[PDB]
Amino acid sequence: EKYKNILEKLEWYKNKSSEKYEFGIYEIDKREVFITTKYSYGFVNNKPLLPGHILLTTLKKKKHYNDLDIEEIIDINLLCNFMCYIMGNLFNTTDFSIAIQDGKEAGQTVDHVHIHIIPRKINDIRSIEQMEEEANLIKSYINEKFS
Amino acid sequence: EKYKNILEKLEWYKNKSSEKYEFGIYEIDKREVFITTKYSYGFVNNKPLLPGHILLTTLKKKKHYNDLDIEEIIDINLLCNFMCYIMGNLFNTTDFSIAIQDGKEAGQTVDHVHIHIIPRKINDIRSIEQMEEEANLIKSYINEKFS
Amino acid sequence: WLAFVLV
Amino acid sequence: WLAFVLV
Ligand SMILES: [Cl-]
Ligand SMILES: [Cl-]
């Protein structure tokens with residue numbers, strides 16, 4: 001019920017999608033997106049630091065974390081907590097590195113607020129095929145457990 | 001009004017405090033705490049990576065990010081956004097490294113969910129005196145701007 | 001952790 | 001950035 005309650009707050013439903021996915025000046029392929037919410041979306045990383053490295057971003061392009069409205073802060077953060085639960089179940093881990101590079105001097109390369117979620121294990125470039133496969137595994141799991 | 005609205009959601013008021021501040025097996029000195037909310041608190045770091053390095057944690061000891069309730073996730077994350085605004089104004093920066101080491105394999109050393117907020121600038125141990133001084137500067141600024 | 005700020 | 005994951 002905790003995660004089902006978060007999904008209700010995120011206004012999620014199976015197959016919810018956006019017509020387009022903007023990330024800074026870039027456009028994310030719909031095949032790489034595993035979840036869309038009222039204000040955010042989650043997509044697989046083309047340059048993962050480690051396996052299962054995912055990104056969460058706002059549907060509206062906003063550069064800094066402090067540019068987000070209260071509703072967007074809640075949305076992206078409830079999605080983060082929900083995705084750590086999903087990734088935890090999929091990658092068989094309880095440990096994650098969660099981070100925002102909020103600005104150029106924090107290492108931000110794309111001018112659009114995003115959260116990194118990286119599954120972590122002891123002593124730990126991708127094609128559209130591998131990315132679609134990874135996004136499909138995540139999307140399939142969300143659908144199976146949450147309707 | 002955005003930040004005043006967040007403070008209302010955090011149930012904050014000038015001088016709001018807790019009888020005790022637990023952080024894992026450790027206890028944080030009240031002099032090092034700059035803000036207390038309905039579910040969280042913010043305190044200055046005794047081993048800062050860079051100047052202005054602060055920590056946010058839950059008042060209730062919870063090990064993993066996924067142990068938090070919906071109300072706690074919202075509280076700690078609205079406080080994070082609010083504190084990036086405050087620290088931004090105090091340390092004269094728009095850039096921050098924001099992170100959760102969610103578990104031992106992510107480098108967590110204290111078994112209690114916490115967010116790191118580190119102000120960042122181009123090409124960037126503390127005594128109770130220095131820590132009290134830093135917490136006082138933060139607390140004084142919050143009070144001045146938000147009542 | 002342990003290669004960049006803050007991973 | 002650039003010394004640990006993920007700073
Ligand atoms: Cl960009
Ligand atoms: Cl501890």
Side-chain angles (χ1 to χ4, degrees), chain A residues 77 81 94-99, chain B residues 6-7 9-84 86-87 90-91 96-119 125-143 146, chain C residues 1 5-6, chain D residues 4 7:
Chain A
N77 280 301
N81 194 268
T94 62
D95 303 350
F96 304 87
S97 292
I98 308 162
Chain B
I6 282 179
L7 291 172
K9 293 179 181 293
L10 294 169
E11 299 202 5
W12 179 88
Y13 56 88
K14 182 175 103 287
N15 296 329
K16 181 175 175 59
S17 63
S18 176
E19 277 191 68
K20 206 177 120 222
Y21 293 97
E22 287 177 11
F23 182 47
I25 61 177
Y26 306 105
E27 188 179 324
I28 303 303
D29 197 297
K30 65 186 174 190
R31 287 173 289 175
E32 305 169 349
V33 176
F34 50 76
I35 190 161
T36 308
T37 72
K38 187 173 182 173
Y39 300 102
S40 311
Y41 72 97
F43 64 103
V44 290
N45 197 338
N46 72 322
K47 283 155 192 277
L49 279 177
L50 291 173
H53 187 167
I54 57 163
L55 302 164
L56 308 189
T57 194
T58 49
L59 283 160
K60 183 152 183 65
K61 195 206 166 277
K62 276 159 188 222
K63 189 179 181 182
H64 279 286
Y65 191 41
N66 279 281
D67 290 326
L68 307 203
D69 299 331
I70 295 165
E71 296 78 12
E72 297 177 307
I73 297 155
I74 293 168
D75 186 294
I76 201 168
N77 280 301
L78 293 179
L79 181 60
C80 182
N81 194 268
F82 176 75
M83 289 308 309
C84 288
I86 296 303
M87 303 303 284
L90 289 172
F91 283 79
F96 304 87
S97 292
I98 308 162
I100 304 178
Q101 301 166 293
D102 185 28
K104 201 163 201 69
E105 300 313 317
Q108 188 190 39
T109 45
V110 175
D111 302 333
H112 188 156
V113 181
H114 56 286
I115 300 174
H116 293 268
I117 294 171
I118 311 152
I125 188 72
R126 310 277 281 165
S127 63
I128 188 81
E129 298 105 89
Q130 290 173 314
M131 289 194 278
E132 181 179 25
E133 175 176 28
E134 191 170 310
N136 197 254
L137 175 88
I138 301 167
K139 238 186 321 178
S140 297
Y141 188 82
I142 298 166
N143 288 343
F146 292 100
Chain C
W1 176 101
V5 176
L6 193 65
Chain D
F4 302 90
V7 177

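Below, each value reflects all heavy atoms present in this structure, side chains not excepted, and no hydrogens, waters or symmetry copies. Chain letters run A, B, ... following the sequence lines, proteins first, then strands; residues in each count from 1.
At a threshold of 4.5 Å between non-hydrogen side-chain atoms, the residues B/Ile6 and B/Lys9 do not count as touching. At a threshold of 4.5 Å between non-hydrogen side-chain atoms, the residues B/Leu78 and B/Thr37 do not count as touching. Residues B/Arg126 and B/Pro48 are in side-chain contact: their nearest non-hydrogen atoms beyond the backbone lie under 4.5 Å apart. Here the side chains of B/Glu71 and B/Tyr39 are in contact, with some heavy-atom distance below 4.5 Å. Between B/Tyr65 and B/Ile73, some side-chain heavy-atom pair lies under the 4.5 Å cut-off. Side chains of B/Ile98 and B/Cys84 form a contact here, defined as non-hydrogen atoms less than 4.5 Å apart. Within the 4.5 Å cutoff, the side chain of B/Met83 has heavy atoms near those of the B/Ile86 side chain.
Evaluation of the salt bridge (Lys or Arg N to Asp or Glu O under 4.0 Å) rule for B/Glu132 yields no partner, not counting sequence neighbours. Under the rule for a salt bridge (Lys or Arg N to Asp or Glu O under 4.0 Å), the partners of B/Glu72 that lie at least two apart in sequence or sit in another chain are B/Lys62. In this structure B/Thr109 satisfies the side chain to side chain contact (heavy atoms under 4.5 Å, CB included) test with no other residue, sequence neighbours excluded. For B/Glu19, there are no side chain to side chain contact (heavy atoms under 4.5 Å, CB included) partners at least two apart in sequence or on another chain.
The line from CD of B/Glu129 to CZ of B/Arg31 is 8.5 Å long, rounded to the nearest 0.5 Å. To the nearest 0.5 angstrom, B/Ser40 atom OG is 11.5 Å from B/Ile74 atom CD1. Within the model, atoms NZ of B/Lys139 and CG of B/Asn15 stand 8.0 Å from one another, a figure rounded to the nearest 0.5 Å. The structure places CD1 of B/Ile28 at 7.5 Å from CG of B/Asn46, a figure rounded to the nearest 0.5 Å. To the nearest 0.5 Å, atoms CZ (B/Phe96) and CG (B/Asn81) are separated by 10.0 Å. From B/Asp29, atom CG reaches atom CE of B/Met131 across 7.5 Å, with rounding to the nearest 0.5 Å.
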Name each donor-acceptor pair under 3.5 Å that joins a side chain in residues 52-61 of chain B to protein atoms two or more places apart or in another chain, with its distance.
unit_1: B/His53; atom_1: ND1; unit_2: B/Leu49; atom_2: N; d: 2.9
unit_1: B/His53; atom_1: NE2; unit_2: B/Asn45; atom_2: ND2; d: 3.2
unit_1: B/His53; atom_1: NE2; unit_2: B/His116; atom_2: ND1; d: 2.9
unit_1: B/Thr57; atom_1: OG1; unit_2: B/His112; atom_2: NE2; d: 3.1
unit_1: B/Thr57; atom_1: OG1; unit_2: B/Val113; atom_2: O; d: 2.7
unit_1: B/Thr58; atom_1: OG1; unit_2: B/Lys60; atom_2: O; d: 2.7
unit_1: B/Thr58; atom_1: OG1; unit_2: B/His112; atom_2: NE2; d: 3.0
unit_1: B/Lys61; atom_1: NZ; unit_2: B/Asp111; atom_2: O; d: 2.9

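The distance between the ring centers of B/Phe43 and B/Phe23 falls below 6.0 angstrom. Ring-centre distance between B/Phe82 and B/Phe146: below the 6.0 Å cut-off.
Of the possible polar contacts, none joining the B/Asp102 side chain to the A/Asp95 backbone as a donor-acceptor pair under 3.5 Å is found. The backbone N or O of B/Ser17 lies less than 3.5 Å from no partner atom in the side chain of B/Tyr41, so there is not a single donor-acceptor pair.
Crowding of B/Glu133 atom CD: a count of heavy atoms from other residues, nucleotides or ligands under 6.0 Å not exceeding 12.
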With side-chain contact (heavy atoms from CB on, under 4.5 Å) as the criterion, how do B/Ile142 and B/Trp12 come out once you've worked through the C-alpha distance, each side chain's angles and the decisive distance to 0.1 Å? CA-CA 11 Å; B/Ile142 298 166; B/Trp12 179 88; 3.6 Å; yes

Report the C-alpha distance between B/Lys30 and B/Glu32 in whole Å, list the side-chain angles of each, state the deciding distance to 0.1 Å, and finish with yes or no for salt bridge (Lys or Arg N to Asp or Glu O under 4.0 Å). CA-CA 5 Å; B/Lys30 65 186 174 190; B/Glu32 305 169 349; over 6 Å; no

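Among the candidates B/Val33, B/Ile35, B/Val44, the single residue satisfying the side chain to side chain contact (heavy atoms under 4.5 Å, CB included) test with B/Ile138 is B/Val44.
For residues 36-56 of chain B, the salt bridge (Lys or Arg N to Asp or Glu O under 4.0 Å) pairs, not counting sequence neighbours, are B/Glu11-B/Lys38.
Heavy atoms only, all atoms of each residue included: B/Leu79 and B/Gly42 are closest at CD2-N, 4.5 Å.
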